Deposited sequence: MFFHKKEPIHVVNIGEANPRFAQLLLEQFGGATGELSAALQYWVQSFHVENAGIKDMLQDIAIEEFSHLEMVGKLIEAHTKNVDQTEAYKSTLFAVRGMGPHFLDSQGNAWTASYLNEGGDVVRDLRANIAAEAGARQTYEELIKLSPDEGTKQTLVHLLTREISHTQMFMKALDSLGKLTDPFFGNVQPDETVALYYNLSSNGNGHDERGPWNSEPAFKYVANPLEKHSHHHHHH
């Protein structure tokens, strides 16, 4: 059951409204690595996660992401607030889509559920969640490097922080299953070619050397 308290976790604080940046910020509202993606991925996973311990974790983190989503939407509201007659505004998608957040990315691409990565075994879900957090932190860094003022930059820092936090949670959820560094899961046992490496593009490293792999220099 969903409840809602109106004010956000952190609080809206920006400088002069920056509509051009607000459009870049849509990437974390309606974009692939955005907050809607995280919130919906971890939540839809929880429905088929049998272990109550991890199902709870997914739901806690998911609900937090709904609050991050709320926050980003407020930054976008403020950065497109009372500036609809400026020329900076007129060069943004907000000029035709209206002020405020919209569930699209910075390129105007509507949010798709193809952004999501979930299903089957919990190992896939957790590994997909780790990847989604990596994408999230990445986009948050690029936006911080482009942030208009300081109040924005630090709200984005807090968000970027929580994704590093979440990354740990998922990493520890896997560790409890002993599947953190163990590449194998599922029920299908591998054949004899499992430790082979094919040099199909022609460099050496631990990914193609002993004791981990039998390197095949020329197929």
Open item on the list: Where does the structure fail to cover the deposited sequence at the C-alpha level?
Closed with: 203 to 208, 226 to 236
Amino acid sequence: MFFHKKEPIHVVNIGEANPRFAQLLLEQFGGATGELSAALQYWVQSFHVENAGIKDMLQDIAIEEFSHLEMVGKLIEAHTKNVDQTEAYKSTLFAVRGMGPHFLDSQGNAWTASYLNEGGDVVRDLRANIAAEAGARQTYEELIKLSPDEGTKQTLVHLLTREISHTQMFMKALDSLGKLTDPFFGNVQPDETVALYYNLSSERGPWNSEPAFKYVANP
From here on, numbers count along this sequence of modelled residues.
Task: Higher-scoring stretch by recorded Cα B factor average, 26 to 34 or 64 to 72 - done: 64 to 72
Task: Of 111 to 119 and 78 to 86, the one with larger mean CA B-factor - done: 78 to 86
Open item on the list: Where does the C-alpha B-factor of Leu200 rank in its chain, lowest, middle or highest third?
Closed with: lowest
- [ ] Would you please rank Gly100 by its C-alpha temperature factor against the other modelled residues of its chain and give the third it falls in: lowest, middle or highest?
- [x] middle
- [ ] Tell me, lowest, middle or highest third: where does the Cα B factor of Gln41 rank within its chain?
- [x] lowest
Open item on the list: Splitting the chain's C-alpha B-factors into thirds, which one does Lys145 fall into?
Closed with: highest
